[PDB]
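Just the one chain here, the form deposited in one PDB entry, laid out as structure tokens.
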């Protein structure tokens, strides 16, 4: 079929190079094209195949420019579904948190840590299905069933675990668990609890002192707040693991109806 390899760049999606929406000349199929750790990003992306992870279609090199062909998520960023200082309805947040956990379980299972989980990197498709995006900061923490401890400073300060700022070495998995907890906090309260998880940060000190009568915690129901109490634990060895997050009472609380399905009466 001629012209099937031709794509038109029709809109800018993100900055960093840049990301553009590409539409196939023949089929009108929409894909995201990333124009540009790059050799590592392609390498990690080639290992990935999961319904809650942005799909990698392939790459091409035109001289100094690298082109990454990725799944286009028309719903945009989770960040834009969060109303400032409000959040979003608790059942939506629970459904997004379930899909985030499925994606993170998948990645950890193949020994990959994302290292920059935040609502800007959680994209939504046309059915509002969450997809983990951008593996530019991602790394392998388990190879030949041997765990490698990390020491590199990666991420975004409001979402980083406190061990990254306090310890030379740390386990990868509790770091991603912590950022998911900050994502859950943002979805339920529409605000970030602190600039960074350090003792110098009053907001962080208040949380360790259990002053939940203050914001953002006073906007959050006791059931998801009990889960946040288990995730946002300073000691990464005492922090809840994903298998135990899946056993949490709020995580398993019926809240949300399925997608509105067409129906008639009489």
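Numbering follows the first chain given and starts at 1.
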{"property": "Chain break class at residue 36/residue 37 - deposited residues not modelled", "result": "10 or more"}
{"property": "Unresolved deposited residues in the interval that joins residue 254 and residue 255", "result": "none"}
{"property": "87-95 versus 67-75 - which carries the larger mean C-alpha B factor in the record", "result": "67-75"}
{"property": "Between 241-249 and 19-27 (mean CA B-factor, as deposited), the higher", "result": "19-27"}
{"property": "Per the PDB entry, maximal CA B factor within 232, 220, 47, 53", "result": "47"}
{"property": "Residue, from 134, 126, 120, 195, that the PDB entry assigns the highest Cα B-factor", "result": "126"}
{"property": "Residue 224 - Cα temperature factor, lowest/middle/highest third of chain", "result": "lowest"}
{"property": "Chain-relative CA temperature factor third for residue 236", "result": "lowest"}
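Not pictured, yet referred to below: the form deposited with a partner chain bound.
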item: In the deposited bound form, segment of 61-69, 193-201, 233-241, 218-226 with a heavy atom within 4.5 Å of its partner chain; value: 61-69
